[PDB]
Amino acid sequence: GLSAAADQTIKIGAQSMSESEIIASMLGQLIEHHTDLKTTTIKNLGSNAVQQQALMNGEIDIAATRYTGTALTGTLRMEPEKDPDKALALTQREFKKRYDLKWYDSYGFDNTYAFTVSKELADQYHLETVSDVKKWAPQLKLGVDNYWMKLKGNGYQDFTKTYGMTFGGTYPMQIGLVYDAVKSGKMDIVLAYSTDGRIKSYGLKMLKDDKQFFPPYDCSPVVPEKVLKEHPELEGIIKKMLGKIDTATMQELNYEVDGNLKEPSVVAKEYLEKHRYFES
């Protein structure tokens, strides 16, 4: 019954990324700071598509981190809108229309796929943009996550159509591994994620996507409207995180996990303490 609503646990899902574990912990700890609700973390969801199915089948009550261009090309099966604002606004309307899901405004950061080389290779061959690598592509080994080569929309297939290049070799691996793979010289180029802490720490060079092949990847929490109606306090709490975490911040938090080997929960707790749980 409704009067027992506050006794239900709020299950917050995390994709298999350090970023998504940090944000899901941060949002869980903010909810518990403000309310009597219990929360749990539902970790290792493999991909955007898994998070979507978990929202629709009750596995998770909140997706902590979803990304506009991933949702636009992959869930919605729409062509990639290139403007951040327009892509957010389309994703929010289509998520509400199709699924009764509320896609919030962004936390403040975008986490894009980004073709990434060592500083040494970039310096040697004057590489600044992805188009710069077209003449070298047959001599390059690309390290990539275990999903993007297979994607029908805006994945490797469409990339080779847009840029007109095919890499000598492609090597799918857990995303976390690509940073040391390119830094150690095992891969020549990697499809990194821009918010990873190791891009700055390892001094890697992200190549400009000169053709704007990629859509924006602004990061937001997503919640079923039914969950918000039943727990009317959740909207005001989620709002406290929106627009508060910029790219530089998110990179520092990811570095604390992947570089400083802290637990995502501890990294999230230290950050909430530092910033007084977003109200001073």
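Throughout, we count residues from 1 along the sequence that is shown.
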Discussion item. Mean CA temperature factor from the deposited coordinates, higher in 198 to 206 or in 87 to 95?
Written reply: 198 to 206
Worksheet item: Would 214 to 222 or 31 to 39 have the larger average of its C-alpha temperature factors, as given in the entry?
Response: 31 to 39
Item to complete: Name the one of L101, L140, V178, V130 with the greatest CA B-factor according to the PDB entry.
Response: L140
Worksheet item: Out of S106, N111, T166, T116, which residue has the highest Cα temperature factor in the PDB record?
Response: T166
Item to complete: Classify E233 as lowest, middle or highest third according to the C-alpha B-factor given in the PDB entry, relative to its own chain.
Response: highest
Worksheet item: Mind checking which third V182 falls in for C-alpha B-factor across the chain?
Response: highest
Worksheet item: Lowest, middle or highest third: where is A192 by C-alpha B factor in its chain?
Response: lowest
